[PDB]
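Written below as structure tokens is the structure these notes are about.
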Amino acid sequence: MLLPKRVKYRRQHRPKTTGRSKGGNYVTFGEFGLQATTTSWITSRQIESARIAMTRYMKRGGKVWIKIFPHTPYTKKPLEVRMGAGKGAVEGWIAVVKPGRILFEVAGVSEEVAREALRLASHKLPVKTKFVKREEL
Amino acid sequence: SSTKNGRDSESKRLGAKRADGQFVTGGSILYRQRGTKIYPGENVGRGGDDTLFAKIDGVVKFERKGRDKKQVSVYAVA
Amino acid sequence: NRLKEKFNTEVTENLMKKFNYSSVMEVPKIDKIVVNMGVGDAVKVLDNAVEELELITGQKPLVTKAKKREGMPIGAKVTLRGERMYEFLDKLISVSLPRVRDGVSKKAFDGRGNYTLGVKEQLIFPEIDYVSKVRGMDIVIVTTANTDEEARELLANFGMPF
Amino acid sequence: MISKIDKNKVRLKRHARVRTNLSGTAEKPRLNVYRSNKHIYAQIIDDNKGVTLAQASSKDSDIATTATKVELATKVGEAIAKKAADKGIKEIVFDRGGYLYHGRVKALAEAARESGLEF
Amino acid sequence: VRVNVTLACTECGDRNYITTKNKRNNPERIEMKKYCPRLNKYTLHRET
RNA sequence: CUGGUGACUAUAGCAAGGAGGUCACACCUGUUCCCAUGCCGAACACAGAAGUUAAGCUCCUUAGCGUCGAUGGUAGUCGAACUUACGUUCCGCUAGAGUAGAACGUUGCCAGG
RNA sequence: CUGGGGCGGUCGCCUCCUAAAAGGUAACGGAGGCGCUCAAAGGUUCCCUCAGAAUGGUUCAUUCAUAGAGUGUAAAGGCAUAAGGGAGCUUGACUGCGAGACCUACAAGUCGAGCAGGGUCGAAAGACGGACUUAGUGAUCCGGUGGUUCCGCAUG
RNA sequence: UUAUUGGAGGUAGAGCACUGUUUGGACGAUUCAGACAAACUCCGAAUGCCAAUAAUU
Ligand SMILES: [Mg+2]
Ligand SMILES: [Mg+2]
Ligand SMILES: [Mg+2]
Ligand SMILES: [Mg+2]
Ligand SMILES: [Mg+2]
Ligand SMILES: [Mg+2]
Ligand SMILES: [Mg+2]
Ligand SMILES: [Mg+2]
Ligand SMILES: [Mg+2]
Ligand SMILES: [Mg+2]
Ligand SMILES: [Mg+2]
Ligand SMILES: [Mg+2]
Ligand SMILES: [Mg+2]
Ligand SMILES: [Mg+2]
Ligand SMILES: [Mg+2]
Ligand SMILES: [Mg+2]
Ligand SMILES: [Mg+2]
Ligand SMILES: [Zn+2]
């Protein structure tokens with residue numbers, strides 16, 4: 001989405017990016033999903049741009065689920081300052097994405113339409129992705 | 001600017017001071033703690049600051065009490 | 001009291017037959033009431049409330065205090081049982097209730113067997129005829145019966161104008 | 001809706017509180033009291049080994065005549081003292097069973113204390 | 001609490017027992033029974 | 001078989017139904033005494049025994065909630081080799097979750113019967 | 001001290017995280033607190049149990065409610081043996097110590113069974129050398145005050 | 001040093017039982033499903049640590 005309404009601590013250690021996706025590795029709300037095959041931080045702006053692309057192509061009608069939320073704030077020091085003198089101020093909000101994590105789910109459109117919309121969304125993201133269907137035997 | 005942080009207190013070196021199965025003399029501290037993280041058992045006392053100490057010479061045994069609690073006893077060596 | 005006698009003899013058999021039972025202990029037997037005289041005043045007012053409550057019950061009440069400021073005496077209540085229970089219920093049903101209006105409601109059950117009947121002015125009860133003001137002094141009856149409907153018959157048998 | 005307390009369960013919680021820092025040894029056994037609406041029972045117990053070294057009661061046919069429960073408690077106290085003196089028990093610790101130290105329990109304790117036992 | 005005090009015995013010339021109190025709470029000279037070494041008993045030690 | 005009193009990580013508890021009071025436990029009837037309520041014999045305490053299984057309590061059948069819980073595999077990881085790849089490989093250890101399943105207590109004394 | 005110095009900030013103590021499941025562990029790393037308070041908010045004996053929700057009433061009652069309340073205060077660790085709540089009595093918020101142990105460069109700091117003298121509460125076993133625990137503090141030199149079978153420059 | 005045995009403790013992982021964050025339903029806050037956490041934990045390794053009595057040193 002955009003960001004948490006509040007957090008206990010606004011200056012947090014950065015999350016670990018090694019390993020595989022802990023959970024949310026299956027399509028559970030819709031028919032089709034975008035599965036990450038590569039690890040990265042994903043910002044709220046990246047999420048919003050991908051969402052606009054997918055829903056605009058689908059011409060409404062379908063349903064869109066965003067499965068990742070940018071819980072983690074990250075800080076940035078002011079331009080041109082020496083090292084030290086405390087931690088910087090919150091600059092944005094990110095989610096950690098590891099291989100296997102479903103990023104978006106769609107339903108209510110045909111398979112071809114879902115594929116096209118998810119490809120358009122994936123070109124906005126800093127990760128490699130694969131189109132996945134709801135998993136059965 | 002400046003940081004408002006930078007403070008901490010001296011570490012208090014809490015925790016176990018004798019091993020399960022080890023022989024101790026009376027008065028030996030077995031465990032430093034806040035509260036009763038471990039309870040006093042047989043022949044073991046609990047000091048004013050919750051320190052657990054052996055009241056006799058003997059062998060230290062850490063044992064469970066109830067479902068989610070622990071205790072430490074000292075038993076006279078035969 | 002006569003109310004206790006009528007419970008033991010009259011209301012017992014009628015209640016046993018109305019709600020079929022196998023033993024007389026399943027029969028409803030109203031546990032007690034609570035003459036809660038609540039005075040939401042800061043101060044003088046509480047002494048008058050205590051005096052009035054001691055008048056309408058015959059026993060000293062307990063000055064209740066808030067739980068949230070704290071330690072300020074807010075409420076006041078008196079507990080009656082047995083002979084005082086039956087005598088006070090008879091007095092309230094035969095004199096006080098007709099002296100106010102026509103009678104108590106029939107939907108104000110706590111959902112379990114407790115019947116909350118709150119008088120609207122201290123002048124209804126046959127005491128303190130004289131007088132400061134009306135007080136929301138609630139009378140809450142507690143009973144052994146597990147169901148709400150197993151208690152209207154009991155109150156009516158004692159004379160409740162339902 | 002007026003549910004009623006169970007007196008035995010409440011007094012048993014009180015007994016657990018009492019016995020957290022009270023236990024019978026061989027040198028000093030624990031004299032334990034159980035009280036009912038009619039009878040009062042006593043036992044002398046060693047907590048370390050979980051054994052009972054004496055027993056007297058009000059329902060026992062030795063002393064079950066017509067008398068107050070306080071007098072019966074006195075008889076139970078004297079009988080428990082007799083059994084303790086027949087097993088070599090000299091000094092003990094009294095476990096009031098979670099009941100108040102008044103009335104029948106207190107009379108049992110006075111009789112036991114006034115008939116040989118030491119507590 | 002608020003101020004240090006010294007409690008004095010009626011026989012011992014020692015003022016061994018110092019303690020504290022709140023002047024607003026206890027403005028009156030506080031007194032209590034304390035053990036007195038030189039008499040080997042409890043006596044009445046009073047605020048100086 | 002019941003009770004008193006201990007021990008054990010609820011495998012023991014809660015929930016729903018039914019069965020019982022000979023003694024026993026209990027509810028119960030009262031307040032004179034001991035004692036007792038910031039008020040009330042509700043409780044505590046004391047006399048008792050009109051009665052009643054109605055509830056507590058015992059007993060029985062259920063895995064409904066709770067608790068316990070493998071094997072197999074997965075994650076992680078000690079060590080080693082490769083390597084700089086949000087890593088690979090070998091080796092030992094091996095979760096958590098979930099699955100089958102266990103489970104509607106086992107037992108020490110003392111007394112009664 | 002300082003990612004040169006200055007300016008800004010900081011300087012002792014307590015709690016947490018960073019801290020890699022013993023302990024320890026840095027940065028001008030992330031968060032907070034202390035320089036007290038209480039004659040009961042200490043000791044002991046006895047008793048007691050919460051927040052909240054629903055439902056009824058011109059605070060009370062019933063039902064659930066393993067604590068989601070409270071614990072003087074920051075946090076953490078503990079607490080229904082209650083360490084939380086109330087009442088009766090009381091002053092152990094004692095004197096002389098102290099096996100042994102923790103911590104530790106030193107100086108310091110911490111815990112302590114138990115012995116003796118005199119008590120408090122409890123029927124009794126027993127508990128009590130302050131406070132649920134861990135901050136609330138400052139060396140030496142000098143000086144003031146009280147006591148003192150000590151010394152006191154030939155002797156008193 | 002190793003083997004074996006016992007113990008203290010909460011990291012990796014995992015999880016959502018508490019605190020906080022978050023997505024879509026349902027019913028009228030609760031509930032179903034699915035996620036996130038250095039200062040969250042119903043759980044919980046590998047290792048390391050403290051010890052006790054055999055082999056080597
Ligand atoms: Mg999941
Ligand atoms: Mg520290
Ligand atoms: Mg202290
Ligand atoms: Mg500089
Ligand atoms: Mg400056
Ligand atoms: Mg470590
Ligand atoms: Mg550590
Ligand atoms: Mg500060
Ligand atoms: Mg300051
Ligand atoms: Mg308390
Ligand atoms: Mg205290
Ligand atoms: Mg001279
Ligand atoms: Mg001279
Ligand atoms: Mg992790
Ligand atoms: Mg969510
Ligand atoms: Mg999320
Ligand atoms: Mg964690
Ligand atoms: Zn003196």
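Every chain is numbered from 1, with letters handed out A, B, ... down the list of sequences. The figures here come from the full heavy-atom set of this structure, side chains too, leaving out hydrogens, waters and symmetry mates.
- No donor-acceptor contact under 3.5 Å links the side chain of B:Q33 to the base of G:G77.
- Contact between the side-chain N/O atoms of E:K33 and the OP1/OP2 oxygens of G:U120 is not found at any separation under 4.0 Å.
- Donor-acceptor pairing under 3.5 Å, judged by distance alone, is present between the side chain of B:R32 and the base of G:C102.
- Remark: the D:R113 side chain and the G:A123 base include a donor-acceptor N/O pair separated by less than 3.5 Å.
- Atom CE in E:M32 sits roughly 13 Å away from atom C1' in G:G43 (whole-Å rounding).
- As rounded to the nearest Å, G:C132 and G:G98 have P atoms that lie 29 Å from one another.
- Considering only the side chain of D:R17, G:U49 comes nearest among H:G7, G:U49, G:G77.
- Residue-to-nucleotide proximity on RNA chain H shows that, of A:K8 and B:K17, the 5′-proximal contact is made by A:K8.
- Here G:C48 presents its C1' atom at 18 Å from CZ of D:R11, a figure rounded to the nearest Å.
- Evaluation of the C1'-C2'-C3'-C4' torsion of H:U19 gives a positive value and hence a north sugar.
- Between the side chain of B:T51 and the base of G:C111, no donor-acceptor pair of N or O atoms lies under 3.5 Å.
- Set against G:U62, G:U59, H:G9, the side chain of C:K32 has G:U62 as its closest nucleotide.
- In the set G:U18, H:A8, G:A101, H:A8 carries the atom at the smallest distance from any side-chain atom of B:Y31.
- Taking 3.5 Å as the limit, the base of F:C35 and the side chain of D:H102 contain no donor-acceptor pair of atoms between them.
- In this model, a side-chain donor or acceptor of B:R7 finds a partner on the base of G:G32 within 3.5 Å.
- Comparing H:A35, G:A123, G:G109 by their nearest atom to the side chain of D:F94 picks out G:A123.
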Worksheet item: How does RNA chain F look in dot-bracket form if you count Watson-Crick and G-U pairs under 3.5 Å, write [ ] for pairs that cross, and put | where a base pairs with another strand?
Response: ((((((((....((((((((.....((((((...(.....)...))))..))....)))))).)).((.......((.((((....)))).)).......))..)))))))).
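- Rounding to whole angstrom units, NE2 of residue A:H71 and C1' of H:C36 are separated by 4 Å.
- Spacing of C1' atoms, H:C42 relative to H:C18, comes out at 9 Å, to the nearest Å.
- Of the candidate nucleotides G:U95, F:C39, H:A37, G:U95 has the atom lying nearest to any side-chain atom of E:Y17.
- Judged by the sign of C1'-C2'-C3'-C4', the sugar at G:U149 is south, the angle being negative.
- Under the 30°/60° scheme for interplanar angles, the aromatic rings of D:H39 and D:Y41 are found to stand perpendicular.
- The base of G:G4 sits within donor-acceptor range of the side chain of A:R82, with an N or O pair under 3.5 Å.
- Between F:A43, G:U15, G:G30, one nucleotide has an atom nearer to the side chain of B:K12 than all others, and that is G:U15.
- Among the nucleotides G:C47, G:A93, G:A125, the one closest to the side chain of D:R14 is G:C47.
- Among the nucleotides F:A45, G:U95, F:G4, the one closest to any side-chain atom of D:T52 is F:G4.
- In terms of polar N and O atoms assigned as donor or acceptor, the side chain of C:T79 comes within less than 3.5 Å of the base of F:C39 in a complementary pairing.
- The side chain of D:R30 places an N or O atom within less than 4.0 Å of a non-bridging phosphate oxygen (OP1 or OP2) of F:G6.
- The OH atom of D:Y99 sits 16 Å away from the P atom of G:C46 (whole-angstrom rounding).
- The side chain of B:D8 lies closest to G:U15 when the candidates are H:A37, G:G3, G:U15.
- For a distance-only test at 3.5 Å, the side chain of B:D49 fails to qualify as a donor-acceptor partner of the base of G:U134.
- In terms of polar N and O atoms assigned as donor or acceptor, the side chain of A:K63 never comes within less than 3.5 Å of the base of H:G24 in a complementary pairing.
- Under 3.5 Å, the side chain of E:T19 and the base of G:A39 form at least one donor-acceptor pair of N or O atoms.
- The base of F:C40 sits with one of its N or O atoms less than 3.5 Å from a complementary donor or acceptor on the side chain of C:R81.
- A donor-acceptor contact under 3.5 Å is not formed by the side chain of B:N5 with the base of G:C28.
- Per the geometry, CD belonging to B:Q22 stands 12 Å off P belonging to G:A101, to the nearest Å.
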